[PDB]
């Protein structure tokens, strides 16, 4: 009644009003500035075509609008790019894998991408060949006799990503005290999200982002007889038999990071809900129910970051050229 406001408040938290602190990697204006430049600089790739913004697009929800894509070395094959927004809050860094692999695997999205699209010696040569980047790395990494390294390049970038957060969605304003930040169908959909137990895998600060479960969405085999992207076509499979797992993704800003699941197979938010009303979980959902949940998930879209586009410095005669 507002047991509901108080329950939601227990199970969830709003996005804070400050970039969180990164262990080993302190924030500063200069570092945020460097990290912004590199995030958009396609010179990190060997071709000089691909930046992190290519797939992780700040004006499109932090994603890329594609079913799948291949950006990071650890990827099992093509996978739907998750959003960069609020990524700083997640702890499940990987879409999917054997549960034993996933526990000892090294973290580092920047290093996995660039060692895929280039080699670090060629990236560091790029950065050292440009007097402005060198100056920036000195201000951002004050103690180091040589601050221009592949791992510092990843640290700058990550201090930038940690500014890419989306506070003050309608739902966080509801968490913060204001019942009327949610409308009545949003409020009803919150109620089902909770009672139907979505909150179990999709809960917390980020509404997911934090656990692996032995369940994946699959395209069911026989028939050509239903619209492309209809729920009829997709189901949850149980993957415990093979000690295999998937992350239960953060649901923040889900309404703007379509298409959905690890394979990008469902375009409709109502439908991605209907698929999740799965028996594998003991969850049953009526049309009406899946529609109110998706309404509640609409309330998850926060303030999108105002990102002034970095003016990146000119290559010099010493700068590697696009790889043939």
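Residue numbers count along the first chain shown, from 1.
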(request) Determine, for stretches 306-314 and 9-17, which one has the higher mean CA B-factor as deposited. (result) 9-17
(message) Quick check on the record: does 160-168 or 101-109 carry the larger mean Cα temperature factor?
(response) 101-109
(request) Report the option among 132, 219, 121, 115 whose CA atom has the maximum B-factor in the deposited record. (result) 219
(message) Take the CA temperature factors straight from the PDB entry and tell me which of 209, 77, 147, 177 peaks.
(response) 177
(message) Can you tell me whether residue 191 has a C-alpha B-factor in the lowest, middle or highest third compared with the other modelled residues of the same chain?
(response) highest
(request) Using the B-factor values recorded in the entry, state whether the Cα atom of residue 299 falls in the lowest, middle or highest third among the modelled residues of its chain. (result) middle
(request) Determine, from the deposited record, the chain-internal third of the Cα B-factor for residue 126: lowest, middle or highest. (result) lowest
(message) Please say which third, lowest, middle or highest, residue 86 falls into when its CA temperature factor is compared across its chain.
(response) lowest
(request) Grab the CA temperature factor for residue 224 from the record and place it in the lowest, middle or highest third of its chain. (result) highest
